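These are the residues of each chain, in order.
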Amino acid sequence: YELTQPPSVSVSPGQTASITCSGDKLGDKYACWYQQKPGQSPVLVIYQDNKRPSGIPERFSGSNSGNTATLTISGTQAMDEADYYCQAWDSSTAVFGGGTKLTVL
Amino acid sequence: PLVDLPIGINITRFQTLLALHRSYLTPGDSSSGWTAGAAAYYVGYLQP
Amino acid sequence: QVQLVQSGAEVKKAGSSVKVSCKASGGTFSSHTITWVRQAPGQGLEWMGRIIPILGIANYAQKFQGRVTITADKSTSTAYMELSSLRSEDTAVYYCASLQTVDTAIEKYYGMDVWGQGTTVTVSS
Amino acid sequence: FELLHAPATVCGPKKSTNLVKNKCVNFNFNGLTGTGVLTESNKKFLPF
């Protein structure tokens, strides 16, 4: 129900980035990860289980473990600068975490 | 027989309702495809 | 298709009633549950609630209990709500979004498909 | 205003009476009027 994640993450360009969104009993809850870029409104990239909606380039990926949700990034580019927020529809309500800012050298 | 209804209207055309599972979604919904499986049904016309 | 275009920034005094709304101008007003989420600098996202136009059932958030009066009318094809007892700390950017569904148990099988440009609010004291 | 707008009818029920068997009695079963001897039978058929 409560979400805690690292304040920020840094990775070299073109590498595989793994982001962990830890919480309390978030497996089997249909978590959703959103993407917000500086100067642009947030957009939908993950839905109902790590699911990439058609029309978004297949650079994001992930899986839902027993008590953790992971997001894998492939073919990272300079334009990927954005903040990732992981949320889920729990108890008929939505909870938004602090979010992580991706840094690319 | 199962049931009778005194609807009291005239019917000339009919359509079939099929339940579909959302295989995948797209942003800015463009009516993405679904999945139910083979949807195999018959239709016949009665005559006096 | 839908745009959810809304009004621009507004300037008002502290302690006054705050009124904001989002208008679609695109697809049908109904058939699409509308929710509002608050964006603030260095504080993450805050969830207010959601109102279903056709159903007319509004769900509240834990921290926004009693401070929000959300209403939606199909005839006007516009969703508006009233806010009061807002402090300077509560100042942030509000956003509106659609869920594509009008069923209470089906939101989890969906996401915030579209977002708004964001209407920043400034409080003068 | 005036009545008799649709085929559907809205009005009161039809009262019933206790049943008697093994003697010639006039009966009204769902509007089925007749005379005969009502007796329990070992036969059975579809419920509807």
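- Per the PDB record, the structure was determined using cryo-EM to 3.25 Å resolution.

**Focus: the overall build of chain C**
Part 1: Along its length, chain C carries 0 helices and 11 strands.
Part 2: The linear arrangement of helices and strands in chain C, starting from the amino end, is β-β-β-β-β-β-β-β-β-β-β.
Part 3: Over its C-alpha atoms chain C spans a radius of gyration of 14 Å, differing by no more than 12% from the 14 Å that the globule rule assigns to 125 residues.
Part 4: Considered along the principal axes of its C-alpha atoms, chain C spans approximately 40 × 30 × 25 Å.
Part 5: For chain C, the residues scored as buried account for 43% of the 125 residues in total.

**Observations concerning the interface of chain A and chain C**
Part 1: Opposite the 17 residues of chain A that make contact, chain C presents 20 residues.
Part 2: Contact between chain A and chain C buries roughly 1600 Å² in total, counting both sides, with carbon and sulfur atoms accounting for 62%.
Part 3: Seen at the junction of chain A and chain C, the total is 5 residue pairs in polar contact.
Part 4: Counting only elements with at least two residues in the side of chain A that touches chain C, the list comes to strand 3 (31-36), strand 7 (83-90) and strand 8 (93-96) of chain A.
Part 5: Grouping the constituent residues of the side of chain A that touches chain C by class yields 10 nonpolar, 7 polar and no charged.

**A short note on the sheet that holds strand 1 (residues 5-6) of chain C**
Backbone-to-backbone hydrogen bonds pair the strands of a sheet. The strands run either parallel or antiparallel.
Residue and element names in this part refer to chain C.
Part 1: Pairing within the open sheet is antiparallel, and its 4 strands lie in the order 1-3-8-7. The open sheet terminates on both sides in strands that have one partner only, identified here as strand 1 and strand 7 (68-73).
Part 2: As paired strands, strand 3 (residues 18-23) and strand 8 (residues 78-83) are joined by 5 bridges and run antiparallel to one another. If you follow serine 21 over to strand 8, its bridge partner there is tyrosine 80.

**Here's the deal with the packing of aromatic side chains**
Part 1: Within the structure shown, the criterion is met by 7 aromatic pairs over all chains.
Part 2: Taken together, a centroid distance of 5.3 Å and an interplanar angle of 85° make the contact between A:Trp89 and C:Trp47 edge-to-face. Taken together, the residues A:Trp89 in strand 7 and C:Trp47 in strand 5 (residues 45-51) connect one chain to another.
Part 3: An angle of 65° between the planes, with centres 6.1 Å apart, marks the rings of C:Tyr95 and C:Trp115 as edge-to-face.

**Topic: the state of the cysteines**
Part 1: Summed over the entire model, instances satisfying the criterion amount to 2 disulfides over all chains.
Part 2: Paired through a disulfide, A:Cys21 and A:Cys86 show a sulfur-sulfur distance of 2.0 Å. Negative torsions about the S-S bond denote left-handed disulfides, and the value of about 85° found for A:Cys21 with A:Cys86 makes this one right-handed. Residue A:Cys21 is located in strand 2 (residues 17-22), and its partner A:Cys86 is located in strand 7; the two are separated by 65 residues in the primary sequence.
Part 3: Here C:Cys22 connects covalently by a disulfide to C:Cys96, the sulfurs 2.0 Å from one another. Measuring the twist about the S-S bond at about -85°, one finds the C:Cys22-C:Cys96 disulfide to be left-handed. Here C:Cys22, found in strand 3, pairs with C:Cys96, found in strand 9 (residues 93-98); they are 74 residues apart in sequence, far enough to count as distant.
Part 4: Residue C:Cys96 is classed as buried on the basis of its relative accessible area of 1%.

**Here's the deal with the side chain of A:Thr100**
Residue and element names in this part refer to chain A.
Part 1: Counting through the fold element by element, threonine 100 comes out in strand 9 (residues 100-104).
Part 2: Under the relative-accessibility criterion, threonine 100 is labelled buried at 5%.
Part 3: Residues contacting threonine 100, with those up to four places away along its chain left out, are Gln5, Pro6, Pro7, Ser8, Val9, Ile19, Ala82, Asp83 and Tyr84.

**A short note on the pairing of strand 8 of chain A**
Residue and element names in this part refer to chain A.
Part 1: As judged from the 4 bridges shared by strand 7 and strand 8, these two strands associate in the antiparallel manner. Bridge assignment links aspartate 90 to a residue of strand 8, and that residue is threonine 93.
Part 2: The turn joining strand 7 and strand 8, which pair antiparallel and follow one another in sequence, is formed by 2 residues; a positive phi near 55° is taken by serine 91.

The rules we used
- Residues numbered from 1 in each chain as written, not as in the entry; some residues may be left out.
- Chains lettered and ligands numbered in written order.
- Part of a larger assembly, values for the part shown.
- Heavy atoms only, no water.
- Helix = DSSP H or I, 4+ residues; strand = E, 2+ residues; numbered from the N terminus.
- Rg over C-alpha atoms; globule rule 2.2 N^0.38 Å.
- Buried < 20%, exposed > 50% of the residue type's maximum accessible area, 1.4 Å probe, protein only.
- Contact = heavy atoms within 4.5 Å.
- Buried area = accessible area lost by both parts, 1.4 Å probe.
- Polar contact = N/O pair within 3.5 Å; in protein donor to acceptor, adjacent residues only side chain to side chain.
- Nonpolar A, V, L, I, M, F, W, Y, C, P; charged D, E, K, R; others polar.
- Pairing = 2+ DSSP bridges.
- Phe/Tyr/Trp six-rings, centres within 6.5 Å; stacked < 30°, edge-to-face > 60°.
- Disulfide = S-S within 2.5 Å.

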